[PDB]
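If you use the authors' numbering, the sequence shown corresponds to residues 6 to 52, in order.
Cβ atoms here follow ideal geometry from the backbone N, Cα and C, with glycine treated the same way.
Working notes, beginning with the structure itself.
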Amino acid sequence: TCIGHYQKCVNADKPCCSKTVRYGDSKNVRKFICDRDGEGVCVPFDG
């Protein structure tokens, strides 16, 4: 129930997965929002 990355968000609710990698002391969480200002597509965010 979520799109990968850089997809069209003008054909559904707001499907956008997320990539939260790990390692140890440091942690990076990649988010994906739905932007309409551009071409109405879901792109990476956060971090």
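Check                                                                                                                                : Outcome
Taking buried to mean at least 16 other C-beta atoms within 10 Å of its own C-beta, is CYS7 buried or exposed?                       : exposed
Tell me, which residues are paired with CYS47 by DSSP?                                                                               : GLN12 and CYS39
Mapping DSSP to helix, strand and coil, what is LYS24?                                                                               : strand
Please report the distance separating the alpha-carbon of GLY52 from that of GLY45.                                                  : 21 Å
To which residues of the same chain is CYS39 closer than 7 Å at the C-beta, ignoring the five residues directly before and after it? : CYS14, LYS19, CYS21 and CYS47
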